[PDB]
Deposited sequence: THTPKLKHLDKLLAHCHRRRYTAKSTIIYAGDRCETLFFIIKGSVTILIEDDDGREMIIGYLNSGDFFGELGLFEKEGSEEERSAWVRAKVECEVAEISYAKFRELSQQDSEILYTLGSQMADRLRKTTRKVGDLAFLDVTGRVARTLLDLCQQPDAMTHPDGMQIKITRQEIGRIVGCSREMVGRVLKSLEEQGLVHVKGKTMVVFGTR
C-alpha cells in the first residue's frame, strides 16, 4: 500500500485477466513487475517429475514477478479469480528506487513474508502426515482472504484436487481427509465451497 504506489504505477499499464488465465510461465526471461489491484493469483511449481504444485496465493496489494529485479521466471503465476493487475517495467522500477528507497522495503517486506510462509511450508511437510496437512491447509485458508464467516465456522472456496496439489497427495486419497474430517465434526464438503468448524 502506502504512497509509493502513486509514484510507482503513475504510468499505468493495467491488465485484466479472467479466472484460470496464466500470467507468468516458469522459465520465461521477461523483465516485468506486476501489482495486484483486485483479485488473487495462484503460484505453482513443479515436483521432481514435472507435475504442477500449488505453493501459495497472492492477493490485493501484492507484487509478483519481482525476483528478477535482483542479480528466469521461478514459478507459474495463474489468476484464480478475475485479477486487475498493472505492469511496471524492471527499468521503471530501477529508476524509482533511486527517487525513493521505501519501494525496496515495500518489495522486501513482501519477499520476507513469503520466505516465512514458505519456510513454514517446508516444516509442515516434514513433521505432518497427509491427514495433518489437509488439516493445517484448511486451517490456513481461514486466515487468508476470500473466506466469509459462517455461524458454525468459516467458508472457503477450494476443491479437493486443489488441496491435493497443496499437501502432496492425490485428490482421491484426499477424499478421506475431507471425508474422515467431515464425519468427525470439523468440516463440510460441498461444491466449490468448504465449511470448516
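Asks: Can you list the gaps, numbered from 1 on the deposited sequence, where no C-alpha is modelled?
Replies: Several stretches lack coordinates - namely 1 to 4, 76 to 81, 208 to 210, in sequence order.
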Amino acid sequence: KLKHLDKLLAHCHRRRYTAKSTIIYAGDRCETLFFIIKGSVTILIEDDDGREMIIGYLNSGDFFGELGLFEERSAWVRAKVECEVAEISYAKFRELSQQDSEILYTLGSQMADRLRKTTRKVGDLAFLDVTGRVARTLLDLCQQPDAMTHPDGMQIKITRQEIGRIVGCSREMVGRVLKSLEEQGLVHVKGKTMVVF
From here on, numbers count along this sequence of modelled residues.
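For the two forms, the rigid core is made up of the largest set of C-alpha atoms that agree within 1.5 Å on superposition.
Asks: In 4 other deposited structures of this protein, superposed by the rigid core, which stretch departs further from the shown form in CA positions, 173 to 181 or 6 to 14?
Replies: Once the cores are fitted, 6 to 14 deviates more in 4 other deposited structures of this protein.
Asks: When the core is superposed, where do the C-alphas shift more in 4 other deposited structures of this protein: in 95 to 103 or in 111 to 119?
Replies: Result of the core-fitted comparison in 4 other deposited structures of this protein: 95 to 103 deviates more.
Asks: So, looking at the entry's B-factor column for Cα atoms, which has the higher mean, 141 to 149 or 166 to 174?
Replies: Higher of the two, by average CA B-factor, is 141 to 149.
Asks: Once you work out the mean C-alpha B-factor for both 20 to 28 and 182 to 190 from the entry, which is higher?
Replies: Mean B over CA atoms: larger for 182 to 190.
Asks: Going by the deposited entry, which of 66, 47, 129, 62 has the highest CA temperature factor?
Replies: 47 has the highest C-alpha B-factor of those listed.
Asks: How does residue 100 rank on Cα B-factor within its chain, lowest, middle or highest third?
Replies: As the PDB entry reports it, the C-alpha B-factor of residue 100 lands in the highest third of its chain.
Asks: Considering every modelled residue of the chain and its Cα B-factor in the PDB entry, is residue 160 in the lowest, middle or highest third?
Replies: Its C-alpha B-factor, which the entry lists for residue 160, ranks in the middle third among residues of this chain.
Asks: Taking the chain's C-alpha temperature factors as the reference, tell me which third residue 11 falls into: lowest, middle or highest.
Replies: Tercile = highest for this residue's CA B-factor.
Asks: Classify residue 71 as lowest, middle or highest third according to the C-alpha B-factor given in the PDB entry, relative to its own chain.
Replies: As the PDB entry reports it, the C-alpha B-factor of residue 71 lands in the highest third of its chain.
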